[PDB]
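Asks: just the structure for this:
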Amino acid sequence: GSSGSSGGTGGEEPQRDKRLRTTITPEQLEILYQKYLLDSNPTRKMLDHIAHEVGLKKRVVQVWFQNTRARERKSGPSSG
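Replies: Residues are numbered from 1 along each chain as shown. Next up is the structure itself:
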């Protein structure tokens, strides 16, 4: 049970746009794949940020990771 943060700076309006879609894009995946390869065990915080920079439904970005892992771990390597 530990904590302790600091603050002191005016905030700014949130970010809203009609870009958030259910399905993923071939231009967004790249970012996800690159972020996954380097980080396959990210925390809610990361998932939130990444999904914010890539512009993809946080949920879709969060699950997309948990799903990929299961596959990677699932015995049975595929050599392309």
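Asks: and the most centrally placed residue in the chain, what is it in contact with?
Replies: Geometric centre of the chain, nearest residue: residue 47, 3.4 Å, by Cα atoms, centre = their mean. Listed by Cβ atoms under 8 Å, 6 or more residues apart in numbering, the contact set of residue 47 reads 58, 61, 62, 65. (C-beta placed from N, C-alpha, C; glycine too.)
Asks: how many neighbouring residues does residue 56 have?
Replies: Other residues near residue 56 come to 24 when the count uses other Cβ atoms under 10 Å.
Asks: report the secondary structure state of it.
Replies: coil (DSSP: H, G, I helix; E, B strand; the rest coil).
Asks: report the buried residues of the helix or strand hosting residue 47.
Replies: Under the criterion of DSSP states H and E, residue 47 resides in helix 44-54. Residues of helix 44-54 classed as buried by neighbour count (16 or more other Cβ atoms under 10 Å): 47, 50, 51, 54.
Asks: for the second one, give its distance to residue 30.
Replies: By that I understand residue 50. Distance, residue 50 to residue 30, using Cβ to Cβ, to the nearest Å: 12 Å.
Asks: residue 28: neighbour count?
Replies: 19.
Asks: which ones are touching it?
Replies: 54, 55, 56.
Asks: cool, residue 20 as well?
Replies: So residue 20 contacts 55, 56, 57 (Cβ under 8 Å, 6+ apart).
Asks: which other helices and strands contact whichever helix or strand comes after the helix holding residue 47?
Replies: Going down the chain from helix 44-54, the next helix or strand is helix 58-73, by DSSP H and E. Contact partners of helix 58-73 among helices and strands, from 3 or more Cβ pairs under 8 Å, 6 or more residues apart in numbering; DSSP states H and E: helix 29-38, helix 44-54.
Asks: just to revisit the earlier point, now the contacts of residue 28 in CSV, with distance to residue 43?
Replies: Listed next are these as CSV, based on distance: Cβ to Cβ, whole Å:
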residue, distance to residue 43
54, 17
55, 20
56, 18
